[PDB]
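The next block holds one structure in the form of structure tokens; read it before the comments.
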Amino acid sequence: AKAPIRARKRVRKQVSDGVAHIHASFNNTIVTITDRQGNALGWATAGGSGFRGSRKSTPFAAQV
RNA sequence: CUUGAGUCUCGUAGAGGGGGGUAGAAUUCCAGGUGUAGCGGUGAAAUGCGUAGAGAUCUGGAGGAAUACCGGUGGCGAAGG
């Protein structure tokens with residue numbers, strides 16, 4: 001038996017479609033993609049994307 | 001005496017008052033789903049909120065307060081309003 005592949009041969013969902021809900025808040029920005037029924041599938045933030053209080057409120061921090 | 005003053009007829013606009021009712025919108029709160037480690041507050045944060053499952057997103061339920069637009073040096077009330 002040889003060594004295994006570098007990248008996965010299979011993937012557990014393929015839901016194709018969703019809605020990005022943004023709460024661009026006065027001190028931060030929070031972005032969440034949810035399926036069309038509003039059950040959330042995955043998310044990320046300004047402040048969690050490597051910015052503290054002083055930077056997390058900017059469109060450049062939100063862009064990331 | 002009718003001219004001041006008063007009165008009815010009649011035309012008429014009004015967020016004027018008191019009593020009651022109502023629709024939708026929203027901030028909040030509760031439950032639960034989905035999801036997953038972030039959230040928050042300031043000049044900076046700190047205090048504070050999270051993984052005992054937050055934030056964000058969906059749906060059910062709950063409360064109490066107030067009427068966005070219209071809106072104008074506009075209209076109405078003795079003034080307070």
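Naming works like this for the structure tokens: A, B, ... for the chains as they're shown, residue 1 at the start of each chain, ligands 1 onward in shown order.
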
Give the residues of chain A that lie within 12 Å of chain B; count only C-alpha atoms (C1' of nucleotides), and format the answer as a ChimeraX atom specification. /A:18-50,52-56

Name the residues of chain A that fall into helix (DSSP H, G or I) according to DSSP on the backbone, using the chain letters and numbers of this document, as a ChimeraX atom specification. /A:59-63

What are the DSSP strand (DSSP E) residues of region 2-63 of chain A, as a ChimeraX atom specification? /A:19-23,30-34,40-45

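Coordinates place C1' of residue 30 (chain B) at a distance of 27.7 Å from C1' of residue 68 (chain B).
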
Rank nothing, just name the residue among B:49, B:10, B:54, B:25 nearest to residue 67 (chain B), using only C-alpha atoms (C1' of nucleotides). B:25
